[PDB]
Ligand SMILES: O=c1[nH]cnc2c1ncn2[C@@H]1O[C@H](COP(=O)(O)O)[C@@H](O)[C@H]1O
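As structure tokens, one chain now follows by itself in the form deposited without this ligand.
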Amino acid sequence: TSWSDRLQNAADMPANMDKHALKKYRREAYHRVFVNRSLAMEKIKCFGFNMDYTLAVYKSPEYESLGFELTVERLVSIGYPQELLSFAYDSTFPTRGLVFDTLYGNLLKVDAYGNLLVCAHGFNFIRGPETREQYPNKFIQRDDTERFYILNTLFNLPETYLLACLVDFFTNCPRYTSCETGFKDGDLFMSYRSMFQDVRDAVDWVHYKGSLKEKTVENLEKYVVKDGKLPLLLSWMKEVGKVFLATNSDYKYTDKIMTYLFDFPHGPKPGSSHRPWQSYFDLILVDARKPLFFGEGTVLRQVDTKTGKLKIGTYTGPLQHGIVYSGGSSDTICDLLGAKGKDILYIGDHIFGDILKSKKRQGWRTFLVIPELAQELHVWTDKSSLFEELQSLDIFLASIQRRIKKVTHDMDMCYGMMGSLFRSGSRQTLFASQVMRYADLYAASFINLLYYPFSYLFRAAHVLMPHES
């Protein structure tokens, strides 16, 4: 059972819109909205969305596997060895939010301070003492952004696994000589950095120039979660406020995906007339180029929705019914909707490009969707005794240290080879820390908002400093 299996299972339920029944779905932690900072929902006037991995949740591991296969085929097409074709995507290896160290070719799981939690070179998990040769202080400078690449999104899962596959392959293939910073192949030297860049370029290529979008849209039922509650929730949002879409995807792809997401023989509720997807939005904006969108952005363009091409020129006109925008900036949204940042709840899956940047640059309210949480919560509750044991081992304070390392490993392995998205044993990950700091609300799915009234006061406890406690 993958995280998307859980989400599609919950998607197959029709909404019992009885108020006591609505409250009741929160009986499961799976259906809750979690709160880092208090948020009075009655103050939200605009609900903003992105599409990819938020409205359109790609099915796992099928979609990752497709991305992986196509990225591999692109690398082979540009001259990587044929052996790459024998790789096959393994969903048990990657966890999201890992850092690829381009100097030494390691995948690292780090905390908020850049401290090393896990280090894998290919499929070799390097124990603490061995990591000290390359990381003398068990630490990386996180924002040495030329050296370290943070794999933030679900789109990065295939390349997370591929990077490890490639390092493993080249290390164990006798044609190549392993060196500190890459591989020697006679009179050719392939640095981990150049290899990484080839992988990044190939992933971008499959999405923008290759066949990934075409193959997705060919079999939407295989690749995209569909939920009749999505149009319902969106209709309720539009009754109390304004609704907008700001997607990094282009119009033609957005139209195909959104059409599928709304393709039911009814509108918001069974028995109601079907309405086009565009009717659910007061403002539709594509080619957003987030995170740049939240700064200077790009010139505002208008999409010709008949051809899917941009009209020539900068668009200087007003918000009109049926207009679709391209580019622009977050100020375009605020201006056209008559909103200030704190009147906006932006629902994002990109912790950096949606959530951190909208919060920090614009003071928007934020809702982070974390699709894996569905499965992570299951593991978290199912294996509660392991964490509980770890806590009491940490408490017990006058060997033992090695029992802590044992229990940490067993707990971590329940999630996969790279552990929980949120922690390694008792240490929180960078990702966890960024969720807490920048996501006002978070959940497995934004659909969970269906189970709360729009007057709800989401509450978090006031924080006190140690000297105040």
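In this text, residue numbers run from 1 along the sequence as written.
The form deposited with this ligand bound exists for this protein as well; it is not shown, and the discussion that follows is about that form.
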- Message: Counting any heavy atom within 4.5 Å as contact, can you tell me which stretch out of 309 to 317, 174 to 182, 324 to 332, 241 to 249 lines this ligand in the bound PDB entry?
- Response: 241 to 249
- Query: Is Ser65 a contact residue for this ligand in the bound PDB entry, using a 4.5 Å heavy atom cut-off?
  - Reply: no
- Message: in the bound PDB entry, does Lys290 come within 4.5 Å of this ligand, counting heavy atoms only?
- Response: yes
- Message: How about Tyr104 - does it come within 4.5 Å of this ligand in the bound PDB entry, if we only consider non-hydrogen atoms?
- Response: no
- Message: With the partner left out here, check for me: in the bound PDB entry, does some heavy atom of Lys340 sit within 4.5 Å of this ligand?
- Response: no
- Considering this ligand in the bound PDB entry, which of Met51, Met411, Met41, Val33 comes within 4.5 Å of it through any heavy atom? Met51
- None of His207, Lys222, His378, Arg147 but one has a heavy atom within 4.5 Å of this ligand in the bound PDB entry; the exception is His207
- Heavy atom within 4.5 Å of this ligand in the bound PDB entry: which residues of 335 to 362 qualify? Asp349
